[PDB]
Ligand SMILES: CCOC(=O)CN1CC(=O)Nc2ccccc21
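Okay, so here's just one chain, in structure tokens, the form deposited without this ligand.
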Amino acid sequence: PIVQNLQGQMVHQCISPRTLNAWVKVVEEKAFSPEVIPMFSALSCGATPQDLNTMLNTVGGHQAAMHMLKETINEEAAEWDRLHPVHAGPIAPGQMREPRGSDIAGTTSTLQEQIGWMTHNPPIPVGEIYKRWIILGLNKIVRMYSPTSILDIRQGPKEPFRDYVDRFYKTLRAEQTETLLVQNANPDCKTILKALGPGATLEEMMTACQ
């Protein structure tokens, strides 16, 4: 990643074995559960495009998703080129060439070039631009691999309300509220929840159906 030292300047640091192993392990254990995306974002803190490609390419398996990810990345890279066509001309001594979409995705740009953009004044945050592309594609994978629709999350006749709400928002998070939660509750709790009236908090709702 590009990180500030203990003297105040942004320089490059090698991606750590702990970071590499942590990303691989969470994919092995959680696949594309929704909470994997913020883990990817945190573990790729300050990452260059090279670091982002490293993390994606160390994933063995799930290659259908990884190739969907590449298609989304190329879609965003082409949009970036439509909005930022580069102007031919010699690069001045204190400057960096404008990046193309494939430069931001780390496929046609060098590490020194990525360091140059990210540490520029003002910086061109090609790592953060690329990461937003990756997260966009990762979220589309989470939705597509989401097995259950929110319409099929219904409280059992003897299921504790807390467990039902857990499943409800787990499903809703992957699918990407308060009235549907009432409608899919069981007859006994739905009766209690209507007596509460509109505008009840989740805490009030869960308290009433305990």
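Numbering starts at 1 and runs along the sequence shown.
Missing deposited residues between residue 57 and residue 58: none, as the chain runs unbroken there.
Between the stretches 80-88 and 132-140, it is 80-88 that shows the larger average CA temperature factor. Legend: mean Cα B-factor per stretch from the PDB entry, 196-204 versus 12-20; the higher mean is in 196-204. When the C-alpha B-factors of 110, 95, 72, 102 are read from the PDB record, the largest value belongs to 95. As recorded in the entry, 179 carries the highest CA temperature factor of 44, 179, 63, 50. Residue-level temperature factors show residue 30 in the middle third of its chain, judged at the C-alpha atom. Residue 170: CA B factor in the lowest third of modelled residues in this chain (values from the PDB entry). Ranked by Cα temperature factor within the chain, residue 156 sits in the middle third according to the deposited record.
From this point on, the text means the form solved in complex with this ligand, which you will not see here.
The closest non-hydrogen atom of residue 180 lies beyond 4.5 Å of this ligand in the deposited bound form. In the deposited bound form, this ligand sits within 4.5 Å of a heavy atom belonging to residue 66.
Heavy atoms of residue 27 never reach within 4.5 Å of this ligand in the deposited bound form, leaving it off the interface. Although the partner is absent from this view, residue 57 contacts this ligand in the deposited bound form, with a non-hydrogen atom inside 4.5 angstroms. In terms of contact with this ligand in the deposited bound form, the residue from 33, 148, 53, 184 that brings a heavy atom within 4.5 Å is 53. Contacts with this ligand in the deposited bound form, taken as any heavy atom within 4.5 Å, map within 72-100 to 73, 74, 77.
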